[PDB]
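Take a look at the structure set out below.
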Amino acid sequence: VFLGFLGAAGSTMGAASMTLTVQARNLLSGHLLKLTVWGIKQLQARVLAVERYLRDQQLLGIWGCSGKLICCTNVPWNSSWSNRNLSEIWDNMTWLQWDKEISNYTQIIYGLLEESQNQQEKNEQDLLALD
Amino acid sequence: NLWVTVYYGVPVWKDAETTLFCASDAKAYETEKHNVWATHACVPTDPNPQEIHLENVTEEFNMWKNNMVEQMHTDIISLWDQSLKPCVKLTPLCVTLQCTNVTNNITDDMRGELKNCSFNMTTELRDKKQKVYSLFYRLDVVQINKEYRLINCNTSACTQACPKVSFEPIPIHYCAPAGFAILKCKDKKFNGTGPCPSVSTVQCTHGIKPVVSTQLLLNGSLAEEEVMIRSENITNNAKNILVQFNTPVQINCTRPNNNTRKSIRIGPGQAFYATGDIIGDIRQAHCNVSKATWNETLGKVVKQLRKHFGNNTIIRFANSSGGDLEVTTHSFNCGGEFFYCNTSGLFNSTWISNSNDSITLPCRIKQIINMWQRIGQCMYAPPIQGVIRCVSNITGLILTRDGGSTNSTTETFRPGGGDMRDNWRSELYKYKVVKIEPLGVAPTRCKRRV
Amino acid sequence: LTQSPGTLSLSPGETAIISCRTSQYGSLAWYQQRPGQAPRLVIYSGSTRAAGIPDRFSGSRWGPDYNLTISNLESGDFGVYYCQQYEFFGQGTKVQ
Amino acid sequence: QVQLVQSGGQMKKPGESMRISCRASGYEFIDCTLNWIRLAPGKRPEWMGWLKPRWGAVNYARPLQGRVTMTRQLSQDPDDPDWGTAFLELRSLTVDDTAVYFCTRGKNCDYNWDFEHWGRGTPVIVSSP
Amino acid sequence: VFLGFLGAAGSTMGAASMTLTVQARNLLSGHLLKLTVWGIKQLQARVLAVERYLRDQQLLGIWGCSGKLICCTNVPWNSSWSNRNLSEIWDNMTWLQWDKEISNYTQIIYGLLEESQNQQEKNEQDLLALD
Amino acid sequence: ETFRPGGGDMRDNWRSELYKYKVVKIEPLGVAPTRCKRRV
Amino acid sequence: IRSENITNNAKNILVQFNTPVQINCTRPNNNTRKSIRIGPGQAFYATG
Amino acid sequence: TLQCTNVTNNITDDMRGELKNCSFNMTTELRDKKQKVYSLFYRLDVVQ
């Protein structure tokens, strides 16, 4: 059941959510001035590939999803973004059709996650403090 | 009641652009022939491309607003420029030449094409001066006042190409960086733009040959099952028309002379190579193509060009209209010498909506090339000795239609290669580079514990 | 292309329509030549006005038909008007 | 800015040729195309043919096949590369060629047929007596 | 209540400890030789910004604070470093005055945290081992 | 006091425009005492 | 008035105004730049 | 080796000999002929 890189791009969302490992593992990999022609094209690609990966790992770090892939959070799904069944979201569509559906409601969500974490860590630290 | 839930690493991409890097195979690097497309400093490729075929996905492709052809055209220039810096400037060559006609063994068509120019020249010591002679073509000498001079000496100097390097195109590959992806359209009827419903991601593209030509794309990759016609808009006139064959017609481009490359010391440790004498008789360099498979190949294109214009128009061809020598004639570098071949024998037909004779194309050979039309560059190709002859495909063919007549019963297509990136856009049309956007939220039923 | 009315003899302030019946799918563009000068672009791609246009001009497309409705005619507008597809120009309508 | 400094008006005779100029300066000349349009006094405007100034690849209008010819002349000064001229020559003149000849240019040079910048005109009058 | 980058620099320590998200999100962001003049000034800045961030994330990784911001540990506050009330530390001072107060007792603390973690993971692995 | 002009350095011009500025590096870690007792 | 030390002599004194006095620096000549070919493709411009 | 002389076309007495008319041999586009040009250099650019 090894599809490959991006191999479930047109598959179901309920089955593309089981192959997240391979797209997570392929986000970083690896007579004088002719070394500098290909070199500055290779060195500018390796540094950009790292700090793009560290951005999506830090942005995932401040939601309570430090070292996970399927991480689930506190904030509920606001139905104004979409009003669909769970069967009409998960086991019939694909992730490319889904990203066009809520492309307007990304930064609304990405601010909802950070505030639910800083509320959470200040309440966790006062729960074990009484300890 | 449903709950937000992140998902790291979903297959979700976006159209983007970046700096794709080189790749090349094994033995094209270990032979160490110092190719001008320096893949010896480039990354060696994989043993096999992992051509993952996706399913159920229709990606919106476009070959005219692509960015890989803007990035290939910059890398070919910067490889053709960087490989000329350790070569010798021909700045002591701008002298007053004293030429005369060669009449050793001259046929009347190549009557005064090449002149025997004899000039003073500085030797290895900086105070003596030798008297040498050479053989320059008439496309490299202009008249001064018979005293001549080179065609460049009032507009730039000229690195001679170092004869260690070679302009033969080794196939280079383009690989996406980490985090990006290249999508190859595996459809066969994909014309120019739209949903290609059989996508297949690819880590590293196949062997792209960086060959340069005009009016006739050479050693290309052939479209199967048909002969296809690409255009950004078939009704526009400023837009070219890229034809791509299914069977390759064969071309036999030769040069009959047996010239002797002779070294000349200019200063210390810098040589200048010049045609000393022509061993034997002197004739014109020609190119052959068999008419039985050529006139058949023009019969395929007219049958496919009558889909866009109607099945009753008198499709006509003609030879090039105007321009200078790099667009009005077929131009290539066969084996290290530049042929400017006259294609007025090919494009001359008329189709009215219903074998070894071998059409010949007489060519002229130049040495002071420009090749990119940059004011201030020039590259005196050193003369290669012996007869030189190559045998090659003709897979692609560039056309531009013309004018307006208020009468759509005839269209006279003429060749023309006014850009140098239309060759490579006939090989990077299947590809598009996209960046992976791995984060993605979705509603499901999670309620966190703490 | 074909421009319908030919001549338009109006008093300054009225509205004036010019229709360019096209034939094939091309992006039309309108030109205005006052006598004694070079023509200039006013409308391109059918509807978009050119740079430096007082918005008294308007383009509207219904299929194989285009219009140029000038709202209020002024002093330096009584010239001639051409519509231009790929390389093909109209018959010309002289408004006056 | 984009300036198309054209030539001056001529008064030919039937049979002789002509040669009018057009000097493009202000933009990068060797990328964006040109055009050549004539405006008769009582006829349609007539397009005559473009000229991509890198290599000078021309394309004449089919009623003027084998009559008009269009050259260019780049700037070989490395200091001032973004200027250059463009010539036209219409052999075998007739009374019907009495017009005014413009050397236009596109709006942005990814689409040609929006002739924004024009020339001042080169009014050629060909009369038999 | 969005201050901005460093916006609570002179605020109270009890209120600058609620805006740690914005200073954590701004620790990494993003005719031939003139590209190399500005390029080697930009490329030396992007690589230094990454490995400075990865150093403070790895150093935070070996204390039991892998993907947190307000993480609290086992070792108690040695009163020789400071003897103050919790009201005289938290809801009256600022973080810049606090860093000058215990600048001498940083590396004493940063060795106390690493030893309390390696003691912890060797005792956790023997607690569930009997399992 | 007889003041005379003189521009003996070329960086005194730019120091009259970069006087408001100073570049500092953020030191994001910081420990502090509070009342936490870890569970495990 | 800025200074690193107003009593030192080696240290400059930077004055910074609030209203700018205006300066009109002109040159009355109408010299003709004339190009000269020196070698191939290299010009040298000189007042003719 | 320049061969200069004073310009006295229209010269006021304060700019009396400030600019000199220097006329010198110079290599042309060809590496064996030599042209004879002239120029106008200020006195702060020429020594004797």
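Order of writing sets the chain letters: A, B, C, D, E, F, G and H. Residues in each chain are counted from 1.
Basically, a contact is a pair of C-beta atoms (placed from the backbone, for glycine too) under 8 Å apart; a residue touches a chain by one contact, two chains touch by 3 or more.
Asker: Need the most distant chain from subunit C, centre defined as the mean of C-alpha atoms.
Answerer: With centres defined by C-alpha atoms, farthest from subunit C sits E.
Asker: Please work out the Cα centroid separation of subunit B and subunit E, and write it as a whole number of Å.
Answerer: 57
Asker: Could you tell me the distance, in whole angstrom, between the mean C-alpha positions of subunit G and subunit H?
Answerer: 24
Asker: Could you work out how far the Cα centre of subunit B sits from that of subunit H, in whole Å?
Answerer: That gives a centre separation of 51 Å.
Asker: Pull out every residue in subunit C that's touching 2 or more other chains.
Answerer: Touching at least two other chains: 86-88.
Asker: Do you know which subunit A residues sit against two or more other chains?
Answerer: 44, 48, 52, 59, 125, 128
Asker: Could you list the positions in subunit D whose residues touch two or more of the other chains?
Answerer: Expected reply: 47, 61, 77-78, 113.
Asker: Chain pairs in touch?
Answerer: Once each pair is checked, the touching ones are A-B, A-E, A-F, B-C, B-D, B-G, B-H, C-D, D-G, E-F, F-G, G-H.
Asker: Which residues of subunit D touch subunit B in their complex?
Answerer: 30, 33, 47, 49-50, 52, 54-63, 65, 69-71, 74-78, 81, 112-113
Asker: What residues on subunit G touch subunit F, complex-wise?
Answerer: Subunit G reaches subunit F through residues 2, 12-14, 16.
Asker: If you look only at subunit B, which of its residues touch subunit G in the complex?
Answerer: 91, 94, 152-157, 376
Asker: Okay, in this complex, where on subunit G does subunit B touch?
Answerer: 37, 39-41
Asker: Mind pulling up the subunit H residues that touch subunit B in the complex?
Answerer: Residues 29-33 of subunit H touch subunit B in their complex.
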